[PDB]
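Encoded as structure tokens, the structure appears first; notes follow it.
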Amino acid sequence: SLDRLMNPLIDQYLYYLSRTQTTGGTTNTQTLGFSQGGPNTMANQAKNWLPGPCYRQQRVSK
Amino acid sequence: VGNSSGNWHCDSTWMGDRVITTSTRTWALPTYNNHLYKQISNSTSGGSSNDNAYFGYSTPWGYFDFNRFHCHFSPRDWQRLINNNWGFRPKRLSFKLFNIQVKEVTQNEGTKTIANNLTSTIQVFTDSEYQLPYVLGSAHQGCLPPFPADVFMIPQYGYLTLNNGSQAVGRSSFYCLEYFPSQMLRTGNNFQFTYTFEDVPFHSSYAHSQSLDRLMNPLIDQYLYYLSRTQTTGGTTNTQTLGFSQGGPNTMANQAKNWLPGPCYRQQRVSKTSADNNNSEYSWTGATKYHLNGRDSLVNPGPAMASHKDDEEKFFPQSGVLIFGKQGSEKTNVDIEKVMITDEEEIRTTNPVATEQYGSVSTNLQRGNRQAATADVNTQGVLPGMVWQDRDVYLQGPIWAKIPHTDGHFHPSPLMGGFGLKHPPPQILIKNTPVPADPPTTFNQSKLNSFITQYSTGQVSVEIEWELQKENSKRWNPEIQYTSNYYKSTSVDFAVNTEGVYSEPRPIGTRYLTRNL
Amino acid sequence: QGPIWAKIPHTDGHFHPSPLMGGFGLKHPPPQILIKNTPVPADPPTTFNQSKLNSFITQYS
């Protein structure tokens with residue numbers, strides 16, 4: 001599938017946004033935590049292509 | 001045994017409109033799972049996410065990873081390329097591999113002697129039919145050393161299939177390369193092969209001298225008209241009327257153009273300045289994404305876009321562009337200073353800005369009793385009349401990608417940027433040959449599990465012959481160029497600190513030379 | 001027990017380039033030949049690791 005075309009044993013050598021606020025105790029402040037894409041965070045890994053075109057339709061049951 | 005398997009051919013040369021290049025590098029080879037296969041899903045896990053579910057197999061094999069540029073071009077040279085040509089396209093590709101050796105390892109009482117076993121071997125092959133799941137186009141680390149003198153290990157290999165959570169479907173497939181012919185190889189014996197690309201549109205490495213709204217003449221006016229008045233304006237009275245006018249040098253904004261900006265995908269904006277961002281964790285929730293088969297996945301880097309508009313250097317798209325990390329970076333929650341972001345101000349010329357609306361439209365038809373309706377557009381498809389430029393490439397970036405062998409593909413230009421092909425270069429895979437240990441004295445039905453752990457190594461290179469369209473611009477004014485600033489710096493650029501670690505100062509673009517639109 | 005020749009700086013201006021230590025100069029002097037032992041890594045890990053290698057078999061030729 002379009003989201004599983006990469007290798008599971010490695011990580012992208014790029015980074016992506018993973019933190020908007022601090023997480024170390026009982027305090028909230030503006031911060032920025034960046035990280036690479038791992039085998040455990042595949043969902044966020046940067047892909048290279050895009051799904052196809054679409055037209056929403058109402059659903060129905062058998 | 002007493003003869004080199006070839007010479008170290010690694011240079012950069014320019015004979016004119018073509019450029020040849022090769023880089024020799026030394027690698028290593030480790031066995032895996034003791035020559036055994038595997039199954040992988042939420043196992044050596046994370047816990048529960050139809051979005052983080054997977055299904056694949058770790059094979060005892062390894063492969064090559066050189067889909068980047070800093071692996072074929074030293075910086076300077078790349079520069080040379082940039083300031084002189086407008087576009088290029090790689091045509092030829094050679095591959096050499098030699099000087100193999102085999103090492104074994106006996107770990108007795110912590111005392112381990114490492115000698116060679118010149119009689120062992122390995123086997124490699126290629127897939128010229130692309131029957132094996134393609135692994136590249138994912139920019140997985142472990143590319144050839146951006147540097148030439150260092151050495152590296154070859155990343156193991158594993159693929160995946162159509163899955164359903166922690167279970168697979170019937171149609172799920174399962175392959176085993178041990179089913180493919182492979183030039184066997186013993187020490188001293190060499191191996192090489194060759195392939196040649198096919199036709200491809202030269203990735204245009206340049207910017208534009210005008211924007212889609214300023215392509216007309218300032219001294220004249222369109223001989224057409226446009227709506228300029230809905231009501232009267234002559235005193236203290238309001239009545240329905242219609243004032244039409246031509247397009248002048250003072251009303252350029254309204255002048256009828258002939259073409260249309262490119263496609264778009266709205267994204268949330270963010271700042272490099274920590275305090276200017278809202279105080280809420282929206283990294284995963286307020287993020288732009290698509291829905292597929294229940295698994296919701298992010299849309300990165302998404303379509304071609306513009307990082308920001310003028311003077312918005314503080315912001316960039318939430319997940320609209322690439323990011324890099326200076327050498328020494330680790331896996332997670334690192335800060336912004338250990339990384340580098342990509343500036344895309346070069347496309348404001350023709351493509352929209354990610355954190356910006358595409359434009360507005362109406363939702364109704366007014367009358368004397370109905371108010372003028374006006375909505376917004378953050379999602380946009382394409383129509384006849386659009387033009388854009390794909391994402392620019394970066395030296396520390398990917399080079400090409402495998403076009404999915406399907407019935408429908410459109411302007412297959414990859415998103416990370418680069419080049420696509422219906423028949424991409426091939427994947428080469430190697431593994432240490434298995435060699436069993438002392439077997440029993442009598443028979444035993446079961447197969448073997450005891451082998452001499454060993455590893456092998458050697459050096460390789462690759463030749464690339466490209467094409468390039470040299471510039472013909474007669475712009476009089478001196479364009480911009482790429483250069484290391486002339487002030488004094490403690491640590492040189494692309495140098496190696498007093499420790500030998502080689503790091504890059506900033507990422508590098510190619511859209512430097514400005515060519516007319 | 002002295003030097004034999006020296007590299008004339010590739011410049012636009014040079015005069016009676018006769019070296020000072022004495023000897024012979026040339027616009028295109030003999031060449032420099034350089035050699036090094038080829039690197040050979042040690043036992044690498046069983047799984048992957050992004051970073052490059054630093055462990056090799058120390059040897060000499």
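Chains: A, B, ... in order of the structure tokens. Residues: from 1 per chain. Ligands: from 1, in order shown.
Near residue 24 of chain C, within 7 Å and counting only C-alpha atoms, sit residues 4, 5, 6, 18 and 19 of chain C; same-chain residues fewer than 3 positions away were not included.
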Open item on the list: List as an NGL selection string the protein and nucleic acid residues near segment 48-52 of chain A, meaning an atom at most 7 Å away when only C-alpha atoms are counted, but skip any in the same chain fewer than 3 places from it.
Closed with: :B and (414-416)
Could you write out that same residue set with N, CA and C atoms as a PDB file, in the first residue's frame?
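Below is the file that was written, again-v4.pdb:
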```
ATOM      1  N   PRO B 414       8.069  12.570  -8.541  1.00  0.00           N
ATOM      2  CA  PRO B 414       8.033  12.219  -7.118  1.00  0.00           C
ATOM      3  C   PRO B 414       7.803  13.463  -6.281  1.00  0.00           C
ATOM      4  N   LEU B 415       7.378  13.282  -5.038  1.00  0.00           N
ATOM      5  CA  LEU B 415       7.134  14.426  -4.171  1.00  0.00           C
ATOM      6  C   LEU B 415       8.383  14.923  -3.468  1.00  0.00           C
ATOM      7  N   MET B 416       9.207  13.996  -3.008  1.00  0.00           N
ATOM      8  CA  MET B 416      10.442  14.370  -2.347  1.00  0.00           C
ATOM      9  C   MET B 416      11.270  15.041  -3.420  1.00  0.00           C
TER      10      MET B 416
END
```
Open item on the list: I'd like the neighbourhood of residue 19 of chain A as a PyMOL selection string, where a residue qualifies if any of its atoms comes within 10 Å (using only C-alpha atoms), though same-chain residues fewer than 5 positions away should be ignored.
Closed with: (chain A and resi 30-35) or (chain B and resi 280-284+333-335)
Open item on the list: Residues of chain C within 10 Å of chain B, counting only C-alpha atoms - could you list those as a list in words?
Closed with: residues 38, 39, 40, 41, 42, 43, 44, 45, 46, 47, 48, 49, 50, 51, 52, 53, 54, 56 and 57 of chain C
Would you export the selected residues with C-alpha atoms as a PDB file, in the first residue's frame, please?
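In the end it all went to selection_9.pdb:
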```pdb
ATOM      1  CA  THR C  38      43.243   0.170   3.212  1.00  0.00           C
ATOM      2  CA  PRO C  39      40.633   0.279   5.951  1.00  0.00           C
ATOM      3  CA  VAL C  40      39.114  -2.967   7.132  1.00  0.00           C
ATOM      4  CA  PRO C  41      36.344  -2.888   9.725  1.00  0.00           C
ATOM      5  CA  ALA C  42      35.929  -5.148  12.710  1.00  0.00           C
ATOM      6  CA  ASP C  43      32.961  -7.284  13.685  1.00  0.00           C
ATOM      7  CA  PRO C  44      29.886  -5.100  13.049  1.00  0.00           C
ATOM      8  CA  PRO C  45      26.649  -5.337  15.100  1.00  0.00           C
ATOM      9  CA  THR C  46      23.869  -7.855  14.414  1.00  0.00           C
ATOM     10  CA  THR C  47      21.237  -5.207  13.812  1.00  0.00           C
ATOM     11  CA  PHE C  48      21.391  -1.881  12.099  1.00  0.00           C
ATOM     12  CA  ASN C  49      22.954   1.325  13.351  1.00  0.00           C
ATOM     13  CA  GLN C  50      22.796   4.621  11.474  1.00  0.00           C
ATOM     14  CA  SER C  51      26.295   5.737  12.503  1.00  0.00           C
ATOM     15  CA  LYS C  52      29.404   4.735  10.585  1.00  0.00           C
ATOM     16  CA  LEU C  53      32.174   2.507  11.890  1.00  0.00           C
ATOM     17  CA  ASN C  54      35.108   3.211  14.172  1.00  0.00           C
ATOM     18  CA  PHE C  56      38.994  -1.853  12.689  1.00  0.00           C
ATOM     19  CA  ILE C  57      41.758  -4.397  12.784  1.00  0.00           C
TER      20      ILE C  57
END
```
TODO: Might you pull out every residue within 12 Å of residue 5 of chain A, with only C-alpha atoms counted and same-chain residues fewer than 2 positions away left off, and present them as a PyMOL selection string?
DONE: (chain A and resi 1-3+7-8+42-43+45-49) or (chain B and resi 54-56+132-140+158-162+401-404)
Using only C-alpha atoms, find each residue of chain A with at least one atom at most 10 Å away from an atom of chain C; report its shortest atom-to-atom pair and that distance in Å (one decimal), sort the rows by chain and rising residue number, and return the result as a Markdown table.
```
| residue | atom | partner | partner_atom | distance |
| --- | --- | --- | --- | --- |
| A:9 | CA | C:48 | CA | 7.2 |
| A:10 | CA | C:48 | CA | 7.2 |
| A:11 | CA | C:50 | CA | 8.2 |
| A:12 | CA | C:50 | CA | 9.9 |
| A:13 | CA | C:50 | CA | 8.6 |
```
Next, the residues of the selection above should be written as a compact mmCIF listing (two decimals), in the first residue's frame with N, CA and C atoms.
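Written out: selection39.txt:
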```txt
# COMPACT_ATOMS: atom_id res chain seq x y z
N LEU A 9 13.38 -1.94 8.90
CA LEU A 9 14.54 -2.04 9.76
C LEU A 9 15.32 -0.75 9.90
N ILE A 10 14.97 0.23 9.10
CA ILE A 10 15.71 1.48 9.18
C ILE A 10 14.85 2.70 9.43
N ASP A 11 15.51 3.86 9.36
CA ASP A 11 14.86 5.13 9.60
C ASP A 11 15.24 6.14 8.52
N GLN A 12 14.33 7.05 8.23
CA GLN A 12 14.60 8.08 7.24
C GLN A 12 15.66 8.95 7.88
N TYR A 13 16.58 9.47 7.09
CA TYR A 13 17.62 10.32 7.65
C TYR A 13 17.13 11.76 7.77
```
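Note that the spacing between atom CA of residue 4 of chain A and atom CA of residue 304 of chain B amounts to 21.6 Å.
Backbone DSSP over chain C gives strand (DSSP E or B) for residues 5, 6, 7, 24, 25, 26, 41 and 56 of chain C.
Of the listed residues B:423, B:53, B:471, B:381, the one whose atoms come nearest to residue 53 of chain A is B:381, with distances taken using only C-alpha atoms.
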TODO: Just the residues within 12 Å of segment 166-180 of chain B, please, counting only C-alpha atoms, with nothing from its chain fewer than 6 positions along; format it as an MDAnalysis selection string.
DONE: (chainID A and resid 1) or (chainID B and resid 35:62 123:129 131:133 157:160 427:431 433)
Save the residues we just selected, N, CA and C atoms, as a compact mmCIF listing (two decimals), in the first residue's frame?
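Contents of part_33.txt, as written:
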```
# COMPACT_ATOMS: atom_id res chain seq x y z
N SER A 1 0.86 -1.17 0.00
CA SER A 1 0.00 0.00 0.00
C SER A 1 0.90 1.22 0.00
N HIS B 35 21.28 -16.47 9.36
CA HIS B 35 20.76 -17.02 8.11
C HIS B 35 19.35 -17.55 8.28
N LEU B 36 18.49 -16.77 8.92
CA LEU B 36 17.13 -17.22 9.11
C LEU B 36 16.14 -16.13 8.78
N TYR B 37 14.96 -16.54 8.35
CA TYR B 37 13.93 -15.59 8.00
C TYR B 37 13.08 -15.22 9.18
N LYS B 38 12.17 -14.27 9.00
CA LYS B 38 11.34 -13.84 10.10
C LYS B 38 9.99 -13.34 9.65
N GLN B 39 9.14 -13.06 10.62
CA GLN B 39 7.81 -12.53 10.37
C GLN B 39 7.66 -11.32 11.27
N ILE B 40 7.15 -10.22 10.75
CA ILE B 40 7.04 -9.04 11.59
C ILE B 40 5.74 -8.24 11.48
N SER B 41 5.13 -8.02 12.64
CA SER B 41 3.89 -7.26 12.79
C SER B 41 4.00 -6.74 14.20
N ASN B 42 2.90 -6.25 14.77
CA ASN B 42 2.98 -5.79 16.14
C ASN B 42 3.43 -7.05 16.89
N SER B 43 4.74 -7.11 17.00
CA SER B 43 5.53 -8.14 17.63
C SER B 43 6.54 -7.26 18.38
N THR B 44 7.81 -7.26 17.94
CA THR B 44 8.88 -6.45 18.56
C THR B 44 8.40 -5.01 18.31
N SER B 45 7.18 -4.83 18.82
CA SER B 45 6.24 -3.72 18.76
C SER B 45 6.33 -2.22 19.06
N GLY B 46 5.11 -1.81 19.37
CA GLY B 46 4.60 -0.50 19.75
C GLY B 46 3.26 -1.17 20.05
N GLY B 47 2.23 -0.53 20.58
CA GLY B 47 1.05 -1.32 20.88
C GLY B 47 -0.21 -1.53 20.03
N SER B 48 -0.91 -0.44 19.70
CA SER B 48 -2.16 -0.57 18.96
C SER B 48 -2.51 0.67 18.16
N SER B 49 -2.43 0.52 16.85
CA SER B 49 -2.70 1.61 15.95
C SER B 49 -2.86 0.97 14.59
N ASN B 50 -4.05 1.07 14.03
CA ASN B 50 -4.27 0.50 12.71
C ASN B 50 -3.37 1.31 11.78
N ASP B 51 -2.92 2.45 12.30
CA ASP B 51 -2.06 3.37 11.59
C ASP B 51 -0.58 3.00 11.77
N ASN B 52 -0.28 2.21 12.79
CA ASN B 52 1.09 1.80 13.01
C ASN B 52 1.19 0.29 12.99
N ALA B 53 0.35 -0.31 12.17
CA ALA B 53 0.34 -1.76 12.01
C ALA B 53 1.17 -2.06 10.78
N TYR B 54 1.86 -3.19 10.80
CA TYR B 54 2.71 -3.56 9.69
C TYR B 54 2.83 -5.05 9.59
N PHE B 55 3.35 -5.50 8.46
CA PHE B 55 3.55 -6.91 8.24
C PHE B 55 4.62 -7.16 7.20
N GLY B 56 5.73 -7.73 7.65
CA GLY B 56 6.84 -7.99 6.76
C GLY B 56 7.78 -9.11 7.17
N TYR B 57 8.90 -9.21 6.46
CA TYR B 57 9.87 -10.25 6.72
C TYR B 57 11.32 -9.80 6.66
N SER B 58 12.03 -10.08 7.74
CA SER B 58 13.44 -9.75 7.82
C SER B 58 14.20 -10.91 7.21
N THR B 59 14.94 -10.64 6.15
CA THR B 59 15.70 -11.69 5.51
C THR B 59 17.18 -11.57 5.79
N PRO B 60 17.87 -12.71 5.80
CA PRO B 60 19.31 -12.78 6.06
C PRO B 60 20.12 -12.02 5.04
N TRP B 61 19.46 -11.36 4.10
CA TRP B 61 20.20 -10.62 3.09
C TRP B 61 20.39 -9.15 3.34
N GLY B 62 21.26 -8.56 2.53
CA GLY B 62 21.56 -7.15 2.63
C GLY B 62 21.50 -6.52 1.26
N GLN B 123 27.31 -14.50 -2.75
CA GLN B 123 26.62 -14.45 -4.03
C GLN B 123 25.72 -13.24 -4.09
N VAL B 124 25.72 -12.58 -5.23
CA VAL B 124 24.89 -11.41 -5.40
C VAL B 124 24.17 -11.51 -6.72
N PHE B 125 23.18 -10.66 -6.92
CA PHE B 125 22.41 -10.67 -8.15
C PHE B 125 21.76 -9.31 -8.31
N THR B 126 20.93 -9.19 -9.33
CA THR B 126 20.25 -7.94 -9.60
C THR B 126 18.85 -8.26 -10.05
N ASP B 127 17.95 -7.29 -9.95
CA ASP B 127 16.60 -7.53 -10.43
C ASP B 127 16.30 -6.60 -11.58
N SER B 128 16.51 -7.11 -12.79
CA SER B 128 16.26 -6.34 -14.00
C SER B 128 14.79 -6.44 -14.41
N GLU B 129 14.00 -7.19 -13.64
CA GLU B 129 12.59 -7.36 -13.96
C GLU B 129 11.71 -6.79 -12.87
N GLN B 131 10.86 -7.75 -9.78
CA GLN B 131 9.89 -8.66 -9.20
C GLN B 131 9.96 -8.60 -7.68
N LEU B 132 10.99 -7.94 -7.16
CA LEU B 132 11.13 -7.83 -5.73
C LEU B 132 10.67 -6.50 -5.24
N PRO B 133 10.01 -6.48 -4.09
CA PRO B 133 9.53 -5.22 -3.54
C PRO B 133 10.65 -4.21 -3.49
N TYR B 157 17.95 -6.26 5.21
CA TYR B 157 16.83 -6.03 4.31
C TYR B 157 15.51 -6.66 4.70
N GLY B 158 14.44 -5.87 4.58
CA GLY B 158 13.11 -6.35 4.93
C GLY B 158 11.99 -5.61 4.23
N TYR B 159 10.99 -6.37 3.79
CA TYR B 159 9.85 -5.79 3.09
C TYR B 159 8.54 -6.05 3.80
N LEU B 160 7.45 -5.62 3.18
CA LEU B 160 6.14 -5.79 3.78
C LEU B 160 5.09 -6.13 2.75
N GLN B 427 18.12 -3.16 -7.99
CA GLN B 427 18.50 -3.35 -6.61
C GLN B 427 19.46 -4.53 -6.59
N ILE B 428 20.58 -4.34 -5.93
CA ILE B 428 21.59 -5.38 -5.82
C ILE B 428 21.67 -5.83 -4.38
N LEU B 429 21.61 -7.14 -4.16
CA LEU B 429 21.63 -7.66 -2.81
C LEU B 429 22.65 -8.75 -2.58
N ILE B 430 23.30 -8.69 -1.43
CA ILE B 430 24.32 -9.66 -1.10
C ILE B 430 24.19 -10.20 0.32
N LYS B 431 24.79 -11.37 0.55
CA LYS B 431 24.76 -11.99 1.87
C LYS B 431 25.95 -12.91 2.01
N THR B 433 27.75 -16.26 2.65
CA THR B 433 27.30 -17.63 2.43
C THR B 433 27.32 -18.38 3.73
```
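Compared by their closest atoms to residue 380 of chain B, and using only C-alpha atoms, the residues B:68, B:266, B:515, B:96 rank with B:266 nearest.
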Open item on the list: Excluding segment 385-391 of chain B and its own-chain neighbours fewer than 6 positions away, which residues fall within 6 Å of it when counting only C-alpha atoms? Please give them as a PyMOL selection string.
Closed with: chain B and resi 259-262+304+351+417
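From atom CA of residue 512 of chain B back to atom CA of residue 83 of chain B, the distance works out to 7.2 Å.
Among the candidates C:32, C:1, C:55, C:7, the residue lying nearest to residue 20 of chain C is C:7 (atoms considered: only C-alpha atoms).
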Task: Among the residues B:97, B:372, B:102, B:464, the one that comes closest to residue 13 of chain B [using only C-alpha atoms] - done: B:464
Open item on the list: Given only C-alpha atoms as the basis, pick out the residue of A:6, A:27, A:39, A:60 nearest to chain B.
Closed with: A:6
